[PDB]
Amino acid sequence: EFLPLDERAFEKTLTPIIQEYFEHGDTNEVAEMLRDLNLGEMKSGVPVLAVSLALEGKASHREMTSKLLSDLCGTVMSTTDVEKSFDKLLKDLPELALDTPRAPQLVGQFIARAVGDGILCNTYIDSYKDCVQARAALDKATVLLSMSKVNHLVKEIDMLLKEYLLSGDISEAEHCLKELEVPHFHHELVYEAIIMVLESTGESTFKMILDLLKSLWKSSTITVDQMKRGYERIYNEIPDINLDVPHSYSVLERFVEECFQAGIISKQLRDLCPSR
C-alpha cells in the first residue's frame, strides 16, 4: 500500500496524461510518457485511474480507455498489473457508484472487454469471491461475454436484445438503447426485435418482445415513425421469411394484433399486415 501523499502525486501527474489521451487518442504517446515516469508497483494504479476518469467522462472515453488498457498491457504493464487494477476497481465500486450511479454496469463492460482483448483471463470472473454492486458488475461481464460466444448499428441492437431476453430488464434495455443515440434508426430495434419473435420457439420470447415494445412506446422512446417503419419492413419480408421459418405469418398476425389491442400501433399499421 501507498501513503496518501504518493497517491496524490500519482493522480496529479497521471490525470493530465489520461485526460489528454481522451483528446488525442494516441496510445503510443501515453505509452512513452508512462515509460519515462518509471512507475514501480504503482503501475496497477494507471488502469484504476483511467477507468474512474472515464466513468466521469463522455461515453466515448470508456471505449478509448479499453483500447488504452489493451495497448499498454505487454509494453509498460503486465497482466498482473491489469488484474490488480480490476481487483481494486471492484473494491472501490460502491465509492465509484457515488459519482457514477451506473458504475457497476460500466465496470462490467470494462471487464468483458478486457477478457476479450486477452488482458484479463476468461477465468477471472468465476474465481472471484458480499457487496451487491460488485456482483452486478461481474454479472454484466458474464452476460456480455457468454452472449458474445457487418452493420455495426445492428450488432449493437442484437446484443441489446439478446441481453434483454436473458435478464428481462426493460429499464436496462431502454437506457442502453438511448446511450446509442440513434433516434431515427429505432426502426432497427423494432425490426430486429420482431425477427427474434418469429424465429423463437415457445411463447416466451413473444411475450417478452411485446412487453419491451409496449414499454418503449409509452415512454416516448420509439416514436411512431420508427415504430411504423419497423413493422413495414417485416410486412415486406414476411413472404420470404415464411419460406424459411415455419408458420411465420400466424406468429406475425398474432403479434400485430396483440400490439394493436394493447394500443401501440394504429389501425393503419394493423391493417397493412398481409393476411396471405
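One rule holds for the numbers: they count along the sequence shown, beginning at 1.
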Interresidue gap class [residue 129, residue 130; deposited sequence, unmodelled]: 1 to 3
Of 136-144 and 166-174, the one with larger mean CA B-factor: 136-144
Entry-level comparison of average CA B-factors, 152-160 and 119-127, reporting the higher stretch: 119-127
Options 234, 245, 251, 46 - largest CA temperature factor per the record: 46
Chain thirds of CA B-factor: placement of residue 10: highest
Residue 55 - Cα temperature factor, lowest/middle/highest third of chain: highest
Third of the chain's Cα B-factor distribution that residue 105 belongs to, per the entry: lowest
Lowest, middle or highest third - CA B-factor, residue 36: highest
Cα B factor band for residue 74 (lowest, middle or highest third within the chain): highest
